Amino acid sequence: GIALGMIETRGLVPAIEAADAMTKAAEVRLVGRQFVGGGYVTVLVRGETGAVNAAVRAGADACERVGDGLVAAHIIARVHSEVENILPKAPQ
Amino acid sequence: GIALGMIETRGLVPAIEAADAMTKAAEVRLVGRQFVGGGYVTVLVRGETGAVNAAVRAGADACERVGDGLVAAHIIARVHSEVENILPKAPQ
Amino acid sequence: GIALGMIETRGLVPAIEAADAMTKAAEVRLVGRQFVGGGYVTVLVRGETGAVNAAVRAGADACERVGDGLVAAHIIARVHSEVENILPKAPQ
Amino acid sequence: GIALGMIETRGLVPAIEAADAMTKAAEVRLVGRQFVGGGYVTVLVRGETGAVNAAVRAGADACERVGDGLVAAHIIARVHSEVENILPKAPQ
Amino acid sequence: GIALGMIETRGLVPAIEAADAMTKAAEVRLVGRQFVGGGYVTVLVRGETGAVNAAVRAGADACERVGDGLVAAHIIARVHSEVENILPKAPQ
Amino acid sequence: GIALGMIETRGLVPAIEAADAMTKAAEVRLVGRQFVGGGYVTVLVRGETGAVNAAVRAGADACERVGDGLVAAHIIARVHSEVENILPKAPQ
Amino acid sequence: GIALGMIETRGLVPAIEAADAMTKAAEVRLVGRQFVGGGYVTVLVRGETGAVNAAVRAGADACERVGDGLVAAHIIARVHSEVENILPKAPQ
Amino acid sequence: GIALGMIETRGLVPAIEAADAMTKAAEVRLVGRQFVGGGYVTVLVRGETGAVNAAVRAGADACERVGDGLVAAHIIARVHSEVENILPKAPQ
Amino acid sequence: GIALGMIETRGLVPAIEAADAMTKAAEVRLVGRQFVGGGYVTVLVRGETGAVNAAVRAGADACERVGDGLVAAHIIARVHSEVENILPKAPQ
Amino acid sequence: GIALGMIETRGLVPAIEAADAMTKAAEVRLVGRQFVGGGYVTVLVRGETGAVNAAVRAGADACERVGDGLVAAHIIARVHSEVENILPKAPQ
Amino acid sequence: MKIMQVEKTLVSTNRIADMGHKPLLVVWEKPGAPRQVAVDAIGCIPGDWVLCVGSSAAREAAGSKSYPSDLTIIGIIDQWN
Amino acid sequence: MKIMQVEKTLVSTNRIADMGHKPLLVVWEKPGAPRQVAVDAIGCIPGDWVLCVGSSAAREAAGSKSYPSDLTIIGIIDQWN
Amino acid sequence: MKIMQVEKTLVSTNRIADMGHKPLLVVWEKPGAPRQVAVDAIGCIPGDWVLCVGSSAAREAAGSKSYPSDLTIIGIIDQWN
């Protein structure tokens, strides 16, 4: 599936918890983890729309209480072609 | 299209949402996504003036609510050659 | 020993103190230290569940009063396979 | 044309707007754009003293109401030879 | 001379003004300009103790009013050998 | 579809109404109806995540008003193998 | 393009500033400057609708503060044939 | 069509807007645009009575808001031969 | 010397005084004097940027207390090529 | 470079400081230092208009807080031929 | 109102939040006719013959003055073929 | 509601101010069918299969009681072809 | 909304007073298609490609909740053929 789930946090530890919850909740693949600068860390998963919905909801609830918390939990069902050039394909 | 559109966000999730909205709103080329440092992320598209105008308005209205929100949605219809030099040609 | 322990600190000195306390309190391998940006530094240890629990409690207790202090202390008893892709194997 | 004009902005969008206004207002070569860290972005133009004066005034006026805004606008009519070592010759 | 003069500022533009004033005031060589993260920029000069004193005083006064201002203006007459490994020798 | 949807009701009439709504709302397989004892009745459907999500929302909104009403409407997109063991395969 | 941009001012100097801003902002050709009597001066540009929009906005903001200011800044995307007989084709 | 429609405006931009509206509203011939002096501009169209009526109403409602606005929107269905003499035949 | 300086006056006497002061203060060629209608008279000089700055300041200072006075004093350091079509080359 | 910059000080120390700052700020030749009588000392520099402007501003800023202070800072962009007879060509 | 046959169900996961939890059915007038999507305010099965109201009555038929529906099933025909 | 395919985007620079900043998509029912323009309340891509509501529900679907829309995309179909 | 081409102007002298002073344009979808009349809220010329909204959005698009319009032009397409 080509649906994108994004979770942003202050700091890496809530991002790790959110990614763990996201992958445990639904059939989604962790596609990246980006340090944004300033403490922002974003975790990106790909999958089917329903799966990504469930994963992002679970990740948001899981990481809301960890560290400095959650910034954003957004869902894009279909990403434009141009946006796939700024989306990492594998996590380093 | 040599017109330029820029959107600045606090964090990367609103930047991806804004770039998605912009690229789905009109025929614009996503030519960059820069981490300014400190939390700011800027997304740059190129296209003809009407395309860029419509895309930037859609992206601003789409990413105003996401995360810590929007910082700037600016359109430059005529960009000087010198500026072009500092503008990314392709996104990485 | 596949349990994961995490500690965030505002600064590298509390991070180093927490990592030293973690490694001294229980047999946990310190698998990473990440500069998150913004001043956040995270330390990641892998080990047996009870070992990681003891180590993370000792690390949080040791680094609460060091420098700017502690941000997050989290234990995941078993992480998903997708999450191991964003977890360092060894520091540098 | 060895006068130096500088503009700081909180973010890249006001920096790009200020650079475009600077280049359009007077014949000044935009010799650099530096991400300073923390969100500060600086734009550096070289030109004749009166040209740099006009350009820096236009740039500050253009970028005051863009994004998070303007931080510094400075003109040095003649810089020391030691300072040219820390001034970029051309952007990238 | 091996005396070290340091000036720290929020942002690059006051640092540039401070370096210009420092080199115009006394016989000191600009030995580096370091982005520290968070907006901090430091400029380092080397010379004789009296020269470095005059230069750092002039730079502090010059950059106090520029942008977000001055953070620190410090003078070290003789630097330890170990500290020369963390001091840049030429400005990039 | 390995996603699971569950609806719990006080009494059997709201359970039948909820199962009717769920099976008419999406492509989901009614795989069980358990009398928990004490008055609770649970209805379990299996399907792909989007189907289960839509079906459970429709069933909850349909059976909220019926009888003594709803107790729980829960969706599990990713169900562990161990859990599958306790889940009825066919309704009796 | 056949879109018309018009700017009216009290006096010639704000009209000159508006025409300069209009042509610097977008790809529009100055097609005329008409003295209307009574102090009214109008500047007319032609181009594509998006270009003319950006140009007229920039010209309005630029000349709002000059002299006795701005009277009207209007945009016509498609002009009727009959109106091209009262529109100058080149500026004398 | 020997009916006459006239619209008077303060300034030329509302006159052009009114003439555009009139010529797009009905089958009317734009036969003149006179600078009366002092700021007034008059636009004269000819056509059959219904065409002129519809055109003048549309033009008045279109140019009421533009610039310093409307001064007069008058329809003459039957024009004396003597008057015809003073009426421009073609616009210049 | 392609910088443009403009002065509006209410009347021809302050315009002539401003033109004389402009020409005496710096080496600027007086390229035009336009009767704008309504009493506005504009004087246009071309020269080097610093020359035009000095000349326009002197002209405004000289003509503020002459006749009905001064309306506008504006400097454009570099005008667009489209604007030169509406700028006189020499007076008459 | 025929522009003239002048600075008066009450005393020779602020005059020397102002001359040094003037010469360091822009490329201006210090053509004279006159003891006026009564304690007034004047310093005269010749150069390009923008250079003289920058130099005189720097000199006034530097000598305001030196000794008894500053009396006058004046720039003449172009002096009459009669005035050159009372302007020194070089100091002694 | 129109007489329709229920083809199947339709799921749109990312549909607007104002659509609520209401189910959506793909219906046609007759097999092979152009498909439409109706809000299922009744709870019918595929093969049912149903009554569908369009225009602004479908909004209130789906539960609110503001509901985003232009086609709502409001009944099952007792006897149709 | 109708099931549509997104053809492309449409830009009208001089459109009325009451249209806001909302994007406009050219959609058809099927390739070759008459084109229509829908307000994109979802953010879909060309080739998507979408749900479109007409009548007065499209106005509120686009964000306001007063919005000038008679066709608004309100969801992307999870599975369609 | 629909994509139309402006054919010409239409004048109805004795039209109801509630129509105001707004111009009326004869438009078709394509040359030869059935004609319709739209309220010109934009000011377009014959041969233009325009966006037309129907239903109740055309009323407010023409300037009022109570305006007697069921088709209003709300924009000119920048690029169409």
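Interface size is often expressed as the accessible area that is lost when the parts come together. Counting residues at the interface gives 8 residues for chain I and 4 residues for chain J. The interface formed by chain I and chain J contains 1 salt bridge. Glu27 of chain I is the salt-bridge partner of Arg78 of chain J, the closest N and O atoms lying 2.7 Å from each other. Between chain I and chain J we count 3 residue pairs in polar contact in total. Residue contributions to the side of chain I that touches chain J peak at 3 residues, all from helix α1 (residues 12-25) of chain I. Broken down by class, the residue content of the side of chain I that touches chain J amounts to 3 nonpolar, 2 polar and 3 charged.

Right, let's talk about the relation of the copies chain C and chain A for a bit. Superposing chain C onto chain A takes a rotation of 61° plus a shift of 0.1 Å along the axis, which leaves an RMSD of 0.2 Å. Taken together, the turn and the small shift mark the pair as related by a six-fold rotation axis. Identified as the residue of chain C closest to the rotation axis by C-alpha distance is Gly38 of chain C, at 3.8 Å.

Turning next to the sheet that holds strand β1 (residues 3-10) of chain I. Two strands in a sheet stick together by hydrogen bonds in their backbones, pointing the same way (parallel) or opposite ways (antiparallel). All names here are of chain I. Spatially, 4 strands are ordered β2-β3-β1-β4 in an open sheet, and the strand pairing comes out antiparallel. Here the strands that pair on one side only, and so sit at the sheet edges, are β2 (29-37) and β4 (70-76). On average, each strand axis in the sheet is tilted by 15° relative to the strand beside it, whichever way the strands run. Judged from the 8 bridges that link them, β1 and strand β3 (residues 40-47) form a sheet pairing that is antiparallel. Bridge pairing in β3 places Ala3 opposite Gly47.

Across soluble globular proteins, nonpolar side chains show a tendency to be buried alongside one another. Counting 38 residues, the largest nonpolar core has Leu4, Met6 and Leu87 of chain A together with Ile16, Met22, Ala26 and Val28 of chain B as the members making the most contacts within it. Counting residues per element, this core draws most heavily on helix α1 (residues 12-25) of chain B, at 8 residues. Setting aside residues up to four positions removed in sequence, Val28 of chain B forms contacts with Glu82 of chain A together with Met22, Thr23, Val45, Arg46, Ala51, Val52 and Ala55 of chain B. Ranked by size, the runner-up nonpolar core spans 37 residues in total, among them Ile76 of chain G together with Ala26, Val45 and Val52 of chain H.

Counted by the stated rule, this structure contains 45 salt bridges over all chains. Between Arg10 of chain C and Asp68 of chain A there is a salt bridge whose closest N-O contact spans 3.8 Å. With one member in each of two chains, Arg10 of chain C in strand β1 (residues 3-10) and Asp68 of chain A in the loop between α2 (49-63) and β4 (70-76) form a pair that bridges those chains. A salt bridge links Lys24 of chain H to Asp20 of chain H; the nearest nitrogen and oxygen atoms lie 2.3 Å apart. Placement of the pair is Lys24 of chain H and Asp20 of chain H together in helix α1 (residues 12-25), with a separation of 4 residues, close to one helical turn. For the pair shown, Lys24 of chain H and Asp20 of chain H are each scored as buried. Ionic contacts of the salt-bridge type, sharing partners, join the residues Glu7, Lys8 and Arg35 of chain K into one network.

Here we come to the UniProt feature "domain: BMV" in chain K. Sequence positions flagged by UniProt for "domain: BMV" are, in local numbering, residues 1-78 of chain K. Across residues 1-78 of chain K, the secondary structure splits into 6% helix and 40% strand, with the terminal C-alpha atoms separated by 16 Å.

Rules used in this analysis
- Residues numbered from 1 in each chain as written, not as in the entry; some residues may be left out.
- Chains lettered and ligands numbered in written order.
- Part of a larger assembly, values for the part shown.
- Heavy atoms only, no water.
- Contact = heavy atoms within 4.5 Å.
- Salt bridge = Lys/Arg side-chain N within 4 Å of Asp/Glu carboxyl O.
- Polar contact = N/O pair within 3.5 Å; in protein donor to acceptor, adjacent residues only side chain to side chain.
- Helix = DSSP H or I, 4+ residues; strand = E, 2+ residues; numbered from the N terminus.
- Nonpolar A, V, L, I, M, F, W, Y, C, P; charged D, E, K, R; others polar.
- Least-squares fit on C-alpha atoms.
- Pairing = 2+ DSSP bridges.
- Axes fitted to C-alpha atoms, helices over the stretch in contact; angles between N-to-C directions.
- Core = buried A, V, L, I, M, F, W, Y, C linked by side-chain atoms within 4.5 Å.
- Buried < 20%, exposed > 50% of the residue type's maximum accessible area, 1.4 Å probe, protein only.
- UniProt positions renumbered as here; feature names shortened; annotations may be inferred.

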